[PDB]
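Following: one structure in structure tokens, then a few remarks.
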Amino acid sequence: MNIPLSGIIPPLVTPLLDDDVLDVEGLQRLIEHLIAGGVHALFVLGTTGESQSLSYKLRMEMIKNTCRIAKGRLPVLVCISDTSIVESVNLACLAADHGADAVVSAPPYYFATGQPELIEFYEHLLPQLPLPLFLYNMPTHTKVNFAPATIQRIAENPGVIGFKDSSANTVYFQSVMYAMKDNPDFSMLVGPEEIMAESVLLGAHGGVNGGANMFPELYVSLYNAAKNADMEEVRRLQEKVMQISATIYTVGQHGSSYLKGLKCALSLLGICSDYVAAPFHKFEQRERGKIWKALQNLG
Amino acid sequence: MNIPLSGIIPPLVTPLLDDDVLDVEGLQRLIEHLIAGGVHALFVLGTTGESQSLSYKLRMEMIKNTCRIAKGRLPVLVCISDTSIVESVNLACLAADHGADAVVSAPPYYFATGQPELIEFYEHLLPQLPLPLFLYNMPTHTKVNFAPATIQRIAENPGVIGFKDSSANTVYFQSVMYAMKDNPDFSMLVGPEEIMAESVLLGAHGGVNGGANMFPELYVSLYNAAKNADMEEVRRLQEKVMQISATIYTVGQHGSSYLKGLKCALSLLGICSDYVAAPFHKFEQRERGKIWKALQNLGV
Amino acid sequence: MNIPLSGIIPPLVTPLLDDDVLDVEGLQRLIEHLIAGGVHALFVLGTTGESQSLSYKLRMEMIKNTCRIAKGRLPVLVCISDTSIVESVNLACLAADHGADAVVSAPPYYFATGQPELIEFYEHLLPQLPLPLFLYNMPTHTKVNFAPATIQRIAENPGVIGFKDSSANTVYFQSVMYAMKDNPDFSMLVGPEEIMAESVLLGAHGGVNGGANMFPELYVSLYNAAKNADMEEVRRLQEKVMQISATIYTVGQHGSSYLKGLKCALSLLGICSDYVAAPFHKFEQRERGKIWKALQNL
Amino acid sequence: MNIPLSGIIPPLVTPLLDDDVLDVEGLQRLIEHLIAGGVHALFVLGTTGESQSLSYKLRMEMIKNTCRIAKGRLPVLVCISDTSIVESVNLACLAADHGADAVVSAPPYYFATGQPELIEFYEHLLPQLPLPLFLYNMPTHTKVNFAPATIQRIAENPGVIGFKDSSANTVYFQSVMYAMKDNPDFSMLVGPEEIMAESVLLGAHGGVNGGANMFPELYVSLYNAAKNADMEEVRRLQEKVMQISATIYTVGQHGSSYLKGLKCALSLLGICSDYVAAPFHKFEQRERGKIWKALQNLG
Ligand code: NA
């Protein structure tokens, strides 16, 4: 792993044949498509990867297979978030055993607590982990953000090397950048792709952007444009990312519109299965048709 | 397994010697204490049982040990809620194999947009279950409740036999009571013990009350007084229940003060280990001191 | 003014002829209907009264007319809640000048982050008020409820005589009842009519029940049956209340289904105008016809 | 007045001598300070102006004095949001009679169920207003945003000329930019100052930034550097903005710390009274001491 991890780091979907069956052939296709597209690392079992909805055995298979297929060509980050900390540590050990480079952890959804309790949780977790850690802020779930100073503090431990934000809240994100400005080796990553460009312009290291599963070259181009402040390219490419956001992710009449749209598009592009794990369901033909048309209108 | 299941149905704590180690001897003492205290069933892996936060292995051990120790003396209800439907169904099958009488299920936190999907979720789930099911309304995470009409509809399935609510919202609970009033065999249970008495007075079948881990006799006596509308006795005992609620469940400074306080008291009562699994930080001395004091004020 | 205030205390709708015009004749009829139905006090400018949606002028007119019409026959409670403390104290002073007996206040949404601030809010407001005060827990907006210990502490002031909860959370309500049980002059009132009976059974003093605008005698009868633990009557009458709840309050597709249903019924019953103030609007005929039908089926 | 309204548009504090008494002399000093500082408009009775917590009388005095003092030198925008539509329309008419240029409106917190109802709210409001309107997305209360398509739709009305976002969610803001990209005349403004630079870089028209009460030149300079993509200067000035945010707005033990700090700083700077209306109260000696230290550490 490069210090600081930078660039586009797609959160892989977990392609499925069935609720409890990994689509290994499509995983292979996806990973080659990403690598050939110039992405900088692979991120497995994120939200985009349906981690929580999958069985334990299937999560282990996604890790093992991703590590096998990638064959050291790129760093692999494994999201170890789990309601059970024991199970979280076990995923971390699996990851180390199969050659992953780092783990990624958000506190459990039910862990609505104060900051001192967040700090103590991580202080007790870190000794148990065999790989460097990225902290994962996904606020909806806890109703509690890592406070900037809390990130400062946990980032003292040399086993903590970065931070991924999936708040779309950029006031919060800039507050953490400011708090971390004297530790420039600490990787500051942004989840939502719609704000990757503007965040990178202001010094964010990279984007953990789900749309890069589809069009890795687009997101890598936009990242580089933003990095070098080529403003005409930033504007032209941002409009494409935004068209995708408005057209590929908004078809659901039943929830998880982003995940269903992404997975449908991946199947339409011939990359991997669009099977979505229960209790959710893949797009049927009407919605799928809309995703087809949206895809043709991007070009 | 009485239809409708009624009375006091404690949500057992899952006693732990360590994050991943079941306190078997403490579980045995707890169960005997509950049985001798007159409760009508045992409910495992509820919120009180920390189910989300335990490993798969430990959840299974809780189920297996509880069924073994109960020895058929009381119905055992197993909460099978999980973020993964496959793990959920596995837990149900494990429960059936080990002699449990029913399962209890809430849809996963991240799930229900609306009512028609709630209906579908259960329509898909039911054919996979080997035991009768109680629906569990736990709206804290997923802002959407089961609408009254939704419960009516799901309850038509002969494999759905009741409903447990842990909203403390009794306007909602009364709305479901009215919707289900022509199905007197469908068990309507209330979680929070502070509203058990008033709900049973108005026809609820029982209370899934955590305090009964500590003092099963108090909740059983209150349930019976409510059932019989012995108002003097209802008021006398309701005060003790509220005292326990104000002094045992409020120490943490966190929403999870209830669990930490309850397990702390159970250890101070000699029943089982007080240990709460990570991620939760243990009570330090000042907090344990308040629990000890609250218990001394109740004559322990 | 009976201490503790008890029984049925309807939150009067504010009857309107237009967005900024009071329906005075309807208000007169409503008050006569409530008094004849045996209610024990009148509560104006509650959420049932559309307070926040009305102009200052119309809030003042409702206070003035309600007091004139009641002519001392029943205690009048006025909700003074407002985002401006100055405006809230102005409503309190007007209420006093026109013969109201008490004021009712919730802290504004934006203010409450903690218990110490709620204490300080009331410590600062109380010396400005010319009438006794009921505290109330703002139903939706706020993140922060009055903690039971905070209510104990605020009620150390003799100018604080009660608490009304519009949360439908009876665990919370029981926690407050328990903290206040040893103050015999302190009135504990429950807003939502669906839980009035069970709460009175366990010692609540009364109900601030919107349905009593339509059928005051029914809610009074249920209150007395609960108060006296006549369980057969409690059950019989609770079922009628729940039927109202299921059928009169559930017709709206657009929000504020309770208020639009209630006002629609009041007009169909011949009591007062159904007009609802902008930005909301009264039911049009498709929905009104359903309320009519539901009424015919009680 | 200028279409689209652009630049720095400070949400003025409402300077007070007491809970219900306007500090007229402070307000004059404040407005002269903003004008000389190069701002492009004045926005009165926003959140920063404490509108909700002030009496109707005081809100009217703020409007009247602000228009009198500005003397046509700069557009005046007036927040007319109120739980009562009758009261809101009355403030708009008062604004018009005193020569304000536009009104700013959010729907009342309780109201919005859905998008169709937001549209109808504005359809009924618009014929009643005597000035052009800016829509604004209420930061905390509503729990239902203007969807992008909703903004497109309301913006067809010639009486609606802009949009101000205070949410701090830049995924959402970029979604609305994308929806409004074919109507360049429609003014798109961001409230929170910490993300003004990044939003302007990507084409936002302006910043309704409270910190501009204290240091108008700094925010105008940052706006211009973002506008022209002068990146070295964006970085230099963003660091100062983030220092103000970290050190002036964080002294309270409260959510109120932004307002108390801003007003304390304004007083220490000789501009206007620091008085804060009940139920809040201005910083006493200790906190005031900390704010002064913070100010000396900026410069
Ligand atoms: Na059934």
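Just follow the structure's listing: the first ligand is 1, and inside any ligand the first atom is 1. Chain naming here is simple, since letters A, B, ... match the order of the sequence lines and numbering starts at 1 in each.
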> Of all residues at least two apart in sequence or in a different chain, which pass the ring pair (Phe, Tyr, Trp, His ring centres under 6.0 Å) check with B:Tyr172?
Replying inline: none
>> Checking B:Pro184 now: which residues fulfil side-chain contact (heavy atoms from CB on, under 4.5 Å) with it, not counting sequence neighbours?
In response: none
> So which protein N/O/S atoms does the Na ion (ligand 1) have within less than 3.0 Å?
Replying inline: B:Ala155 O, B:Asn157 O, B:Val160 O
> Do other residues, nucleotides or ligands put more than 12 heavy atoms under 6.0 Å from the CG atom of B:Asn2?
Replying inline: no
>> Considering only residues two or more places apart or on different chains, which pairs with a residue in residues 116-137 of chain B satisfy ring-ring contact (aromatic ring centres under 6.0 Å, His included)?
In response: A:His281-B:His124, B:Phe111-B:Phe121, B:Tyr122-B:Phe146
> Do B:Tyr109 and A:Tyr109 have their ring centres less than 6.0 Å from each other?
Replying inline: yes
>> Just so I know, are the side chains of B:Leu12 and B:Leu27 near enough to count as touching, which here means a heavy-atom distance under 4.5 Å?
In response: yes
